[PDB]
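# Fold the following for me, if possible:
(one chain, ligands or ions: 1)
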Amino acid sequence: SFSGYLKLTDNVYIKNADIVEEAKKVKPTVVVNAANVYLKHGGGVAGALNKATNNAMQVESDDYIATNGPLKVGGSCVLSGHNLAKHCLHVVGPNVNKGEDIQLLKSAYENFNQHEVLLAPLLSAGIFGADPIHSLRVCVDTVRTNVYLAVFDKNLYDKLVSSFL
Ligand SMILES: Nc1nnc2ccccn12
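Residues are numbered from 1 along each chain as shown. And now the structure:
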């Protein structure tokens, strides 16, 4: 199971870990991808998870987009987890750098409530441009299911735990 996570709340746990290595170690039921509406896994968590699947996640995502069209910002889709998880929940958080609306972050976290336990990154953090402390606050106030957050950056992980209200 998940090991070395610090408990933040009744259901939110956090660890300084690379979500790719965490997924390969644990092989959880659900790994969350920090997706964009086109499921174009270029950089950040998405590029990293996709590279770990040897691009199989992108091939599957392009077929999903050809059939269904793009996701909504705040939306999600369940696809295969490939070598990382049983499933991958592709969640679209608002990308502040691309000028998207930060109010959609709560809607993005609501997708986690459809899964009992998830391995996930902080939505809209990293290359998505939002304040990670705000993302963790929205996470703990929105997600009711068991969420194991993997924070790649050590200094950010320290800042998050030490500043947690
Ligand atoms: N393995 C890896 N490479 N880049 C990133 C970014 C976020 C989380 C994991 N990452």
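# make it CA atoms for all contacts and neighbour counts henceforth
Fine.
# which residues are contacting the biggest helix by length in the chain?
Using DSSP state H, we find that the single longest helix of the chain is helix 56-68. The contact list for helix 56-68 (CA atoms under 8 Å, 6 or more residues apart in numbering) reads 38-41, 49-50, 79-82.
# quick check, nearest of those to the ligand?
Set against the ligand, the nearest of the contacts of helix 56-68 by CA to the nearest ligand atom is residue 49 (7.1 Å).
# State whether the closest one is indeed within a helix.
Yes - judged by DSSP: H, G, I helix; E, B strand; the rest coil, residue 49 forms part of a helix.
# Assign a three-state SS to the closest residue to it other than its chain neighbours, would you?
Computed as CA to CA, 6 or more residues apart in numbering, the closest residue to residue 49 that is not its neighbour in sequence is residue 20, at 5.8 Å. For residue 20, the assignment made with three-state DSSP gives helix.
# quick one: residue 20 and the ligand, what's the gap?
5 Å (CA to the nearest ligand atom, to the nearest Å).
# right, and that residue touches residue 47 too?
No - taking contacts as CA atoms under 8 Å, residue 20 lies outside contact range of residue 47: 10.3 Å.
# Can you tell me which residues in the chain are near the ligand?
Proximity of the chain to the ligand, by CA under 6 Å from any ligand atom, involves residues 18-20, 44-45, 48, 152.
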